[PDB]
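For reference, the structure is listed below as structure tokens.
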Amino acid sequence: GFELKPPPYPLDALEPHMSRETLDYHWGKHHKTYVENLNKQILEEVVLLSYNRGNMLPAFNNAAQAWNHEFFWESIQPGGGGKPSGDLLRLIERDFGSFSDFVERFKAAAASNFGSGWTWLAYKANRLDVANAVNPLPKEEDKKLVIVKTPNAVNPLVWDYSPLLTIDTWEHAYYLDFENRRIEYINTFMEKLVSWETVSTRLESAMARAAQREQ
Amino acid sequence: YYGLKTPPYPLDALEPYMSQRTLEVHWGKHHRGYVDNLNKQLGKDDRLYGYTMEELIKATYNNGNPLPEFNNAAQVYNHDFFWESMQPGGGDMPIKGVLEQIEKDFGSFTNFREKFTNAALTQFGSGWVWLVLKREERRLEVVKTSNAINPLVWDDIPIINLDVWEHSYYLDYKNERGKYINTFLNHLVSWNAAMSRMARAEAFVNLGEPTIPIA
Amino acid sequence: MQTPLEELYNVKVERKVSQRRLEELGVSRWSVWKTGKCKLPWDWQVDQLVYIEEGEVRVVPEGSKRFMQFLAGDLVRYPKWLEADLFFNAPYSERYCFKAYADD
Amino acid sequence: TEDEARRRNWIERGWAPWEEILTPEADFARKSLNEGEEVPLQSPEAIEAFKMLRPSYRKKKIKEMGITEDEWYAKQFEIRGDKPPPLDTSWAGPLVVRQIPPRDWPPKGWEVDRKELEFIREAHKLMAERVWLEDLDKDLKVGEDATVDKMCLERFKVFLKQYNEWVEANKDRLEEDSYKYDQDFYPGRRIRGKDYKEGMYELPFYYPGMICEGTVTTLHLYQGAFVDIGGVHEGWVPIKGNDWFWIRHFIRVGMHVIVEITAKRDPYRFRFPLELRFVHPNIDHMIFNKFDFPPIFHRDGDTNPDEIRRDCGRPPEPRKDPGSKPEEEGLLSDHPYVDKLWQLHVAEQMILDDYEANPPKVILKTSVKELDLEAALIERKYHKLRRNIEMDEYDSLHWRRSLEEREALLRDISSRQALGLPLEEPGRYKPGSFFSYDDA
Amino acid sequence: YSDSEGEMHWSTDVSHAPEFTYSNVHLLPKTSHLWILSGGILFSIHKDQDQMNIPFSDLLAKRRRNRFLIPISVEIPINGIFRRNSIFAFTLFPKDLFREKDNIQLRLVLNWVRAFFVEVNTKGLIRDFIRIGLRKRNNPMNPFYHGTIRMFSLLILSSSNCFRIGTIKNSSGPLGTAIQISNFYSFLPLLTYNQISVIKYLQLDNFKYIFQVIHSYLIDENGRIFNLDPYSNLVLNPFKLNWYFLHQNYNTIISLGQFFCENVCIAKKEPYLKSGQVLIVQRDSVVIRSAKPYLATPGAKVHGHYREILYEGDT
Ligand SMILES: [Fe+3]
Ligand SMILES: [Fe+3]
């Protein structure tokens, strides 16, 4: 029986990037409804089992939405924005050339997501459920950071990916504040709410997962 | 090029069932944005330009592999179909031609209302809910559809349109979509429009019975 | 027939693609596939753009008696579900991008 | 029972009690064999049929009725049985039309002024303007205020001048193409030869949604009614089968009708480029047999069925479902170029061996100009080899080909099952009933 | 027996219900004529009314998918065919970096097959190889180097079975593009009802808007509405750009589908019409699909359903 936890930041701390009404409604009547529905039917294991390699089980929707919502809250902090540093900076430079290139690609992907869905930045540590899916000569570049857009409750982990940062392109995430002005919401999110520290920790966790799968 | 067709009523005529602010955002920029994006795409290709509106939707669908122009073309068709699907002081009980057809392919209107609501209630994410006339089967059905797709790509004639995109109802009902469906079926659904749509479909479906001689 | 193969089979060709679209698409960091005189029977169950820099390829769809002629410097997006058969008569090298639904 | 069997025959098998116009001999055979083999005829119909066997008696009877023989012959071809109820074609409001240029203008391969075209294309946006029936009274211009000089149709005038230029430029080539491709003339083909008259509207002059005045010229039992709407191609209203049993009472040759263009198609591929429906009279309630696809031509240049089905909107040829999902299959790493690489490798090895020595069959021809003899000779002077490394790198290319295509594929499954889009191509793979060394 | 290939037709005096629930045999309550309508496969491109204008040492070896090459003694059967779990030989491959799944597998027992020589020749140097091998990818040519279809079962209609026996000036043409009337809520205007649709799809507020005659307006690019007459039938010619009148205000002998006998007369100065069904009706002629009538006394049994395809010699 899963439980819904409140965001680790005060509901009034995200102003004006995300209004208190928007925060409370989104957290306590979207995420709460998803979590309680999933509990009624019954997190990574649950999502992977409910994906069922394409023919999603009825419980896939609620569990995946709850996992994505939990991911979204952990990626935003009031003092967010700016630029990352360190191995995350070197990886973003290798995988996008420059920080501006990455930021414009991410903004374009978030704006171009038609309908309800999410935009993800993930670490490519995937393995397929087929034989002859192993590269005997890895070049250390195949495990890179990529941008993926998914509709509804789909998350990259079903492709054995490692999510690092997400932006909720669902209209319910920003219609109360930014209405249909998705460009303004994406710009505000990128420049004020992106928690580079959490992204760095998730990148290190993906590195550790890849290392533990190496041996 | 397709112009932005205004709804057949003033933007405040749906109050208090649908507030004017929703009308000014669903048609001022949402429906206008789809119209303007399509015209820019149609200004570059002289082949997609020239198709009728229903031809363009089916051609750009590309048998389940939509062209980039499909999203803009299909979305403007749905919105004008949505505006005409609602009239001021709508709802109540459909009469005459829609009436026996509803109670023929569904058993009665009571079984139709529950079937229509469940289609919208179980619609995950942004999409549409349709009451369509099957061309080959010559009967009325309720179809749920996601994103910009409409039953025109199945060669089916829509009759009644409902928008379950979040941006359509996230101001007056927000995540309480269940009561939004009920209010649409009780005060906004236009069965007068269903008269001519099923009359226009009679030029292609012929829901009647043949006169067979006794010889 | 009167209709060329590209229109019938929904193949977008961007011959003499400018640098602007080229680095908009991120071509410079795609992997390179090279081949000589060979013949690859393939079915495109995923979309894929292809940039040709050196070499020539003739594409013959399954059952077709005609071919689509592609020269160097062209950008070609092979559609999903295409049942074609690539032909090469010279050394060849290309840049690609397999694309899923939506994306770009 | 013999009430539902007849209805089933009509609906599913196209049965209809068409009138059989019989000779006096056949009529006598039918009326007299109903009594017996060799019996004195007693039924009055049989007696009359026996009397009518002599044309002299028929002429005497015809003179007795005081009528001429010609329409008595024409009297035989009378429709028997009950008549359908008369049509009450009621207009749904007044007819409000607007001169809108066709959207497909200009024809493919024809270059025109882009500014003039964009000026024309502004008229297409007028479809969004709303017209209310309670509005057509404030500014009704009747009489000298509605004369053509007061018309504001500048975009339509530009379209007209461009259309006239195109017609004058392309008139003869279209006739030559029609003569080359269409051996014989049929309704729906281009009216050519001595039957062609100047001023006939070409196909680009038409577009779906146009309201046309025309005359019914041809009735076909399996195709429909053909209406001349002033163009070089006749219009087509699809009616076939049982529907003609009742519709023939109302749709007849020579009558004037109002028709709406439903579709315009390419005459080379489709038999009837212009497809219409009857506005007046309304026979929508009488049409039951519908065309699944518009009929097309099968030309001599059509050698690929897939190309034919793509020229029109027809589904692909189905095949048995393999039953194996595509993303569960193993990746592919066998590069097709390796076989040529293998042939080059064996050629170089045999050349080196010969040089060292002298300082169910398929023959693989190989020249020497496409081989690197110097590198192979150096490697032999040294002693897997280079060509094996090349094979390995090409196989690595094919195998990363496989991985990236597979990852894009899995993302495609995720997106499509999230959005309900089809996985495999529709119209294909119909369901059933439709038809160790490594250790060593 | 059927003298020609065709489809069956009966008008009356044949029972539509088969004599047995599983059979196709029908009875004749009375005397009647049975007709056979003469007539001459992809199911995706061939459809109804289609007009068909055309007739219907290891370093020297290599291992790959389901096949491998050999320059230990190799034993091949006389026929060159390998059976499952057979012994052909008693480090053969370069041990390639990548290897796909193969239906065949080597244990040397070959279990999962033809075998032909492969010879590479260069400037007279000859060397033979042994080849043992078994969607579009699994494929193991070089561009560089009449009649009309009748479907319902296919019949071909051609000249072998169908034959021919026999204001400004008002002109037929377009009247403009009809525009949507918002009072009827239809994207494409209806413009007309019928006795079934008018009772079925007429709203109460639209009762007064039905007209028994044609009233035509015209709207130009500026939005003005023009009629030039409120009580006549006046429309504008798009080509000549001039008003003109309509034809009616919209308030022969041989019928289509009729069957003829062989010597049916239509006029004294006309040749006799022959047996068949009226297929095409035109201004001064009709096209007949030839048919052969068969007389059947009561008690006879019809062998076949309606519209059943009968070949030559069929009962
Ligand atoms: Fe959300
Ligand atoms: Fe909407």
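Here the Cβ positions follow ideal geometry from the backbone for every residue, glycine too, while neighbour counts run over all protein chains shown. Bear in mind that the values in this text are calculations on the coordinates, not laboratory data.
Looking at the protein assembly as shown, send over the antiparallel percent of its DSSP beta bridges, to the nearest 5. The partial results should precede the final answer.
Values: 149 of 169 bridges.
Antiparallel: roughly 90 percent of the beta bridges in the protein assembly as shown.
Would you mind ranking E:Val281, D:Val158 so that the residue whose beta carbon has the fewest other beta carbons within 10 Å leads the list? Intermediate results must be reported in sequence, preceding the final value.
On the way: E:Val281 25, D:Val158 19.
Fewest-to-most Cβ neighbours within 10 Å comes out as D:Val158, E:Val281.
How high is the FRET efficiency between E:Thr21 and D:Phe250 when r is their beta carbon distance and R₀ equals 45 Å, given to the nearest 0.05?
Numbers: r = 39 Å, r/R0 = 0.86.
Efficiency computed from Cβ-Cβ geometry: 0.70.
Near E:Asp58, within a Cβ-to-Cβ distance under 12 Å, what is the net charge of the other residues, with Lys and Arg +1 and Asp and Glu -1? Show your work: numbers first, answer last.
Values: positive: D:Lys384, E:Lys62, E:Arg63, E:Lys95; negative: E:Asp96.
Net charge in that neighbourhood comes out at +3.
Report, by chain and number, residues whose modeled amide H sits under 5 Å from the one on E:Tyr294, excluding near sequence neighbours (fewer than 5 apart, same chain).
Amide H neighbours of E:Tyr294, under 5 Å, 5+ apart: E:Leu34, E:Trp35.
Taking a label point 7 Å from the Cα of A:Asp12 along the Cα→Cβ vector, which residues of the range A:147-177 have an amide N closer than 20 Å to it?
The answer is A:177, whose backbone nitrogens lie closer than 20 Å to the label point.
For peptide D:34-42, how many partner chain Cβ atoms fall within 10 Å of a residue's Cβ, on average? Mind dumping the intermediate values first?
Details: counts 7, 2, 2, 1, 0, 0, 0, 0, 0.
What the average comes to for D:34-42 is 1.
Given A:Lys149/B:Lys40; A:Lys143/C:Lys37; D:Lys61/E:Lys268; D:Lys197/E:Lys240; D:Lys138/E:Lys240, which pairs have Cα atoms separated by over 22 Å?
Working: A:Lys149/B:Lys40 24 Å; A:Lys143/C:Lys37 33 Å; D:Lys61/E:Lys268 17 Å; D:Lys197/E:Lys240 16 Å; D:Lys138/E:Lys240 28 Å.
Pairs exceeding 22 Å: A:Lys149/B:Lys40; A:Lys143/C:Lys37; D:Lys138/E:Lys240.
Assign one of three labels to the range B:52-152, namely rounded, prolate or oblate, based on the Cα gyration tensor with a ≥ b ≥ c the square roots of its eigenvalues; rounded applies when a/c is under 1.5, prolate when it is not and a/b is larger than b/c, and oblate otherwise. Show your work: numbers first, answer last.
Details: a/c = 1.86, a/b = 1.77, b/c = 1.05.
Prolate shape, in that a/c is at least 1.5 and a/b is the bigger ratio.
Can you compute the modelled spin-label distance between E:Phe239 and D:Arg130, with each label point 7 Å from Cα toward Cβ, in nm?
According to this spin-label approximation, the distance is 3.8 nm.
Show the residues, 5+ positions off or on another chain, whose built amide H is closer than 5 Å to the amide H of C:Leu49.
Under 5 Å from the amide H of C:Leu49: C:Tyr78, C:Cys97, C:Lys99.
Based on the alpha-carbon gyration tensor of the protein assembly as shown and its eigenvalue square roots a ≥ b ≥ c, which shape applies: rounded if a/c is under 1.5, prolate if not and a/b is larger than b/c, or oblate? Could you put the intermediate results ahead of the total?
On the way: a/c = 2.01, a/b = 1.36, b/c = 1.48.
Since a/c reaches 1.5 but b/c is at least a/b, the shape of the protein assembly as shown is classed as oblate.
Positive end of the charge dipole of the protein assembly as shown (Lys, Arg +1 and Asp, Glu -1 on Cβ, about the Cα centre): tell me which of D:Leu352, A:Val103, B:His79 has its Cα farthest that way.
Farthest towards the positive pole: D:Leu352.
Just to be sure I understand the model, the point goes 7 Å from the Cα along the line to the Cβ. What's the resulting E:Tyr231 to C:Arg66 distance in nm?
6.2 nm
In nm, to one decimal, how far is the C:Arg29 label point from the A:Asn39 one, both placed 7 Å along Cα→Cβ?
Taking the two extended label points, one gets 4.3 nm.
If you count, for every residue in D:295-303, the Cβ atoms of partner chains within 10 Å of its Cβ, what is the mean?
On the way: counts 7, 7, 5, 11, 6, 2, 5, 5, 6.
Averaged over the peptide's residues, the number is 6.
Sorted by packing (mean other beta-carbon atoms within 10 Å per residue), highest first, where do D:74-81, E:301-308 land? Write down the numbers at each step before the final one.
On the way: D:74-81: 13.9, E:301-308: 17.6.
Descending packing order for the listed peptides: E:301-308, D:74-81.
Around D:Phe119, with a cut-off of 10 angstrom between Cβ atoms, what is the net charge of the other residues, counting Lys and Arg +1 and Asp and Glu -1? Please list the in-between numbers first.
Values: positive: D:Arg114, D:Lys115, D:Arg121, D:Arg155; negative: D:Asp113, D:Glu116, D:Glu118, D:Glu122, D:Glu154.
Charge balance in the 10 Å sphere: -1.
Give C:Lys99/D:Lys290; A:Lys144/C:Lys80; A:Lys40/A:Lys83 a once-over and call out the pairs whose C-alpha atoms are over 32 Å from each other. Present the calculation step by step, with values, prior to reporting the outcome.
Numbers: C:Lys99/D:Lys290 40 Å; A:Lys144/C:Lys80 26 Å; A:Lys40/A:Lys83 41 Å.
Flagged as over cut-off: C:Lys99/D:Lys290; A:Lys40/A:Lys83.
Which stretch or stretches of the range E:163-192 have amide N atoms under 18 Å from the point lying 7 Å from B:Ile95's Cα along the Cα→Cβ direction?
Only E:184-185 pass the distance filter.
Test of understanding: ordering D:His335, E:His215 by Cβ neighbours within 10 Å, fewest first, what list do you get? Let's see the in-between values first.
On the way: D:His335 26, E:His215 19.
Fewest to most other Cβ atoms nearby, the residues stand as E:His215, D:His335.
How high is the FRET efficiency from D:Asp70 to E:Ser285, r the C-beta distance, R0 22 Å, rounded to 0.05?
Numbers: r = 18 Å, r/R0 = 0.83.
Using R0 = 22 Å, I get an efficiency of 0.75.
List, in order, the whole-Hz ³J(HN,Hα) value for each residue of the range E:255-272 obtained from phi through the Karplus relation with A = 6.51, B = -1.76, C = 1.60 and θ = phi - 60°; use x for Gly and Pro.
With the stated coefficients, the range E:255-272 comes to 8, 6, x, 6, 9, 10, 8, 6, 10, 7, 8, 10, 7, 5, 8, 10, x, 5 Hz.
Please get the size of the charge dipole for the range E:107-207, origin at its Cα centre, with Cβ charges of +1 on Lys and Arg and -1 on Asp and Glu, quoted in debye to the nearest 20. Kindly include the intermediate steps, with their values, before the conclusion.
Working: 12 positive and 3 negative charges, 139 e Å.
Dipole of the range E:107-207, to the nearest 20 debye: 660 debye.
Excluding A:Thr150 itself, what net charge comes from residues whose Cβ is under 13 Å from its Cβ, given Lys and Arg +1 and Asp and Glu -1? Write out the running numbers ahead of the final one.
On the way: positive: A:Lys149, D:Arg411, D:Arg416; negative: A:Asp168, C:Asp103, D:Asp412.
For residues surrounding A:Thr150, the net value is 0.
In whole Hz, what ³J(HN,Hα) sequence does the range B:190-202 give by Karplus (6.51, -1.76, 1.60; θ = phi - 60°), x for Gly and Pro?
Per-residue couplings from phi come out as 9, 7, 5, 5, 4, 5, 6, 4, 6, 6, 5, 5, 4 Hz.
Could you please rank A:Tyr51, D:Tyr179, placing first whichever residue has the fewest other Cβ atoms within 10 Å of its Cβ?
Details: A:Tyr51 21, D:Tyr179 13.
The most exposed by this proxy come first: D:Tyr179, A:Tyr51.
Just want the answer: with Cβ charges of +1 for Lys and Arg and -1 for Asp and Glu, which residue in D:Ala123, D:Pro187, D:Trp166 is farthest toward the dipole's positive end in the range D:106-210?
D:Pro187
Tell me which residues come under 5 Å, amide H to amide H, from D:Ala263 once H is placed; ignore anything under 5 positions away on its chain.
The answer is D:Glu275.
In terms of the Cα gyration tensor, with a ≥ b ≥ c the square roots of its eigenvalues, is the range E:109-197 rounded because a/c is under 1.5, prolate because a/b exceeds b/c, or oblate? Intermediate values should be presented prior to the final figure.
Working: a/c = 3.22, a/b = 2.57, b/c = 1.25.
Prolate, since a/c reaches 1.5 and a/b exceeds b/c.
Between D:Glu118 and A:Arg181, how high is the FRET efficiency from 1/(1 + (r/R0)^6) when r is the Cβ-Cβ distance and R₀ = 35 Å? Nearest 0.05. Working shown, then result.
On the way: r = 31 Å, r/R0 = 0.87.
The pair D:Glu118/A:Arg181 has a calculated efficiency of 0.70.
For D:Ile79, project a label point 7 Å along Cα to C-beta. Then give me every residue of the range E:5-20 with its amide nitrogen under 19 Å of that point.
E:11-12
Apply the Karplus parameterisation 6.51 cos²θ - 1.76 cosθ + 1.60, with θ equal to phi minus 60°, to every residue of the range D:139-153 and state each ³J(HN,Hα) to the nearest whole Hz, in sequence, with x for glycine and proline.
10, 7, 9, 10, x, 5, 7, 10, 6, 4, 4, 7, 5, 10, 10
Can you give the mean number of other chain Cβ atoms that lie within 10 Å of the Cβ atoms in peptide E:236-248?
Details: counts 6, 3, 12, 7, 3, 8, 2, 4, 1, 0, 3, 7, 6.
If you average over the peptide's residues, the count of other-chain Cβ atoms is 5.
Looking at D:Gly36, B:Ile157, E:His16, which one has the Cα that reaches farthest to the positive end of the dipole of the protein assembly as shown (charges on Cβ: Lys, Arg +1; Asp, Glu -1)?
D:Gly36
Would you list which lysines come within 17 Å of D:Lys320, measuring only between C-alpha atoms, while excluding same-chain residues fewer than 8 positions from it?
D:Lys430, E:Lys136
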